[PDB]
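Right, one structure below, let's go through it.
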Amino acid sequence: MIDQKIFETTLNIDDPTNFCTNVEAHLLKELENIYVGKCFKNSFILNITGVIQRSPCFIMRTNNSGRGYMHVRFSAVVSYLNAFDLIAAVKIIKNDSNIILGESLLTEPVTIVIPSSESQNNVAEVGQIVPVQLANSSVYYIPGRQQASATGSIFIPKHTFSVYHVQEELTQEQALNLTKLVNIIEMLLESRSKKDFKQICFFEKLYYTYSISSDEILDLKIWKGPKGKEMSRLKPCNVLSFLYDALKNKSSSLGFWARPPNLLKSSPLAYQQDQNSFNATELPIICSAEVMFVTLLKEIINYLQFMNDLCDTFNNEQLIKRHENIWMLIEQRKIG
Amino acid sequence: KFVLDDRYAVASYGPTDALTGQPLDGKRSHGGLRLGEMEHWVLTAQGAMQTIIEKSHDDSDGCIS
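First to last, the protein sequences are chains D and B.
Under the authors' numbering, read the first sequence as residues 1 to 336, first letter to last.
Under the authors' numbering, read the second sequence as residues 1113 to 1177, first letter to last.
So, in C-alpha cells, the structure goes:
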C-alpha cells in the first residue's frame, strides 16, 4: 500500500555552476525526472516528498569532465503490493493464446498475468475491467520498469478460512504500531462514507460469500452494510473498539481471533473464541498478538480499499451492464 | 637511417587491439605509441594525474564499467 520510504542515491550533474544556483529546486526536479514512475529497491516510486540529506556538489576525479556528483537521501511515497491484494480495476489487453493478462487502472500500476488454467480466467474478455486478486506469489518489482509485474486471478471469495491463536497477551506499547494502521483504516472508512450506499450494497452482495438479499443492514457508526449469517449465534467484536481498549491496557488478546466467511470482510467485526469453536480448515496458527492483529487489520484494509475502488471505477450503470457476465461468474461460484 | 622513416604522428582514431581495446602497437600497424611504466612513474612523480587520465583513459582504452 501507499507508504513512506527513504532512498539514497548519487546524481550526476552535467552543469554544476548552473545547478548550484538553486540547489534544492534543481535536486527536486532531478529526483522527480529520474525516479518518479519507476520501480526502485523493490518499491514503485509515486512522488518525492523531500530531501532528508544531501552532500556537497563534488567534482568527478576519474574523468576529465567538469561534471559533478551529489549524494542525495530522499523520502518518497511508494506503493508495495503484497500477496492476496485485491485490485478492483484491471483491463484485459489480450485474452488469447491460452494466456491472459491485464493492466491495473489504479494509482499503483501493475501488469497481472492471469492463467488460462482456471475457467473463470478464460471467460473474461478483452477491453473489460475485471476485478482481480494477486496470487500468493510475491510481486516482482524489476528495477527501472514503469509498472510492477505480478500474477493473479479473478477475485472469487474463497470459502476456506484460517483461525489464529494468540499465546501472548496484548503487546504493550506495540498498540501504537497497531494504531498507525487503525488510522489508515479510519481514513478508508471515511472515504467510503462519501459514496452512495446502494452501489456499496450491490458490490458487497456480489462479493459476499453467502449472498444475502434480505436487505438487513448492520449499522455501525463508522461502518454500515448488509448483514450476513450467524454461526453458533456467536457475537463478534469490533476491532477498532478493542484497539481503543488499549487505554484500559486489557484486551483479552489471547482468545482465538477469526473471521468466518459469513462475517463481512470490510466490517471490522471479528469473532473471539476461548476455544476452537470456529471450524479449523487448517490447524490454528500459533502466532503472537502482533502478527495476528496486523494480519486482520491488513485484510480488512485490503477489502475496504477493494470496495471503494469497485464503487469508484464502476460508477456507470452501463459499465456494470457490460461486466454483469463477470458478476455472473462470481455469483455462480458463490455457494451457501 | 632516414628521418622520414623514423618519424611518426597519429591522431585520435586508428586500429585498436581486439582483446585489451588499446591502440595497436607501433607505426607499422598504424597504431599509437607506448607510454611504458617508466613514463607513468615520471608523470606520477610530477603529480600529473589529469594528463594520465587524458593519455591512459581517453587516448588509450577507457570505459565506464
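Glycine included, C-beta positions come from ideal geometry on N, C-alpha and C.
Among the options, the one whose alpha carbon lies nearest that of residue i
i: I59 (chain D); options: D:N82, D:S153, D:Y69, D:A270; result: D:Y69
i: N325 (chain D); options: D:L28, D:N95, D:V130; result: D:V130
i: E168 (chain D); options: D:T281, D:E317, D:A289, D:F7; result: D:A289
i: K227 (chain D); options: D:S213, D:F203, D:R322; result: D:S213
i: residue 338 (chain D); options: D:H71, D:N33, D:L27, D:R322; result: Residue numbering for chain D in the displayed model covers 1 to 336; residue 338 (chain D) lies beyond these limits and cannot be assessed.
i: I185 (chain D); options: D:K298, D:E32, D:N33; result: D:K298
i: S1141 (chain B); options: B:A1160, B:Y1125, B:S1168; result: B:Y1125
i: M307 (chain D); options: D:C237, D:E190, D:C287; result: D:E190
Nearest-angstrom Cα separation, counted from residue j out to residue i
i: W223 (chain D); j: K5 (chain D); result: 31 Å
i: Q1158 (chain B); j: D1137 (chain B); result: 26 Å
i: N98 (chain D); j: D312 (chain D); result: 31 Å
i: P268 (chain D); j: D245 (chain D); result: 15 Å
i: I200 (chain D); j: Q272 (chain D); result: 27 Å
i: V90 (chain D); j: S55 (chain D); result: 42 Å
i: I301 (chain D); j: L188 (chain D); result: 7 Å
i: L181 (chain D); j: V239 (chain D); result: 12 Å
i: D96 (chain D); j: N121 (chain D); result: 11 Å
i: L27 (chain D); j: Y35 (chain D); result: 12 Å
i: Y207 (chain D); j: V23 (chain D); result: 52 Å
i: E108 (chain D); j: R73 (chain D); result: 23 Å
i: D1173 (chain B); j: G1144 (chain B); result: 11 Å
i: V123 (chain D); j: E317 (chain D); result: 21 Å
i: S241 (chain D); j: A258 (chain D); result: 16 Å
i: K229 (chain D); j: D215 (chain D); result: 12 Å
i: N262 (chain D); j: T160 (chain D); result: 11 Å
i: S117 (chain D); j: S75 (chain D); result: 42 Å
Contacts that residue i makes with chain D (C-beta to C-beta distance below 8 Å)
i: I1165 (chain B); result: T62, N63, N64
i: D1137 (chain B); result: Under the 8 Å cutoff, chain D gives no residues; its nearest Cβ is about 25 Å from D1137 (chain B).
i: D1170 (chain B); result: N64
Extent of the continuous beta strand (DSSP E) to which residue i belongs
i: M70 (chain D); result: 68 to 79
i: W257 (chain D); result: 256 to 258
i: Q4 (chain D); result: 2 to 13
i: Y1125 (chain B); result: Note, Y1125 (chain B): premise wrong, no beta strand (DSSP E); not H, not E.
i: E103 (chain D); result: 99 to 104
i: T49 (chain D); result: 43 to 54
i: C287 (chain D); result: 285 to 287
i: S65 (chain D); result: Note, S65 (chain D): premise wrong, no beta strand (DSSP E); not H, not E.
i: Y271 (chain D); result: 269 to 273
Element boundaries [alpha helix (DSSP H), containing residue i]
i: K180 (chain D); result: 175 to 194
i: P16 (chain D); result: 16 to 19
i: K321 (chain D); result: 317 to 333
i: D1118 (chain B); result: 1115 to 1118
Local conformation of residue i per DSSP, three classes
i: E204 (chain D); result: helix
i: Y35 (chain D); result: helix
i: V163 (chain D); result: coil
i: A83 (chain D); result: coil
i: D1173 (chain B); result: coil
i: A1157 (chain B); result: helix
i: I59 (chain D); result: strand
i: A280 (chain D); result: coil
i: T209 (chain D); result: coil
i: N308 (chain D); result: helix
i: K1167 (chain B); result: helix
Within-9 Å CB hit, residue i to chain C
i: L206 (chain D); result: The question asks about chain C, but that chain is absent: this structure's protein chains are D and B.
Closer than 9 Å at the beta carbon, the chain D residues around residue i
i: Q1162 (chain B); result: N64
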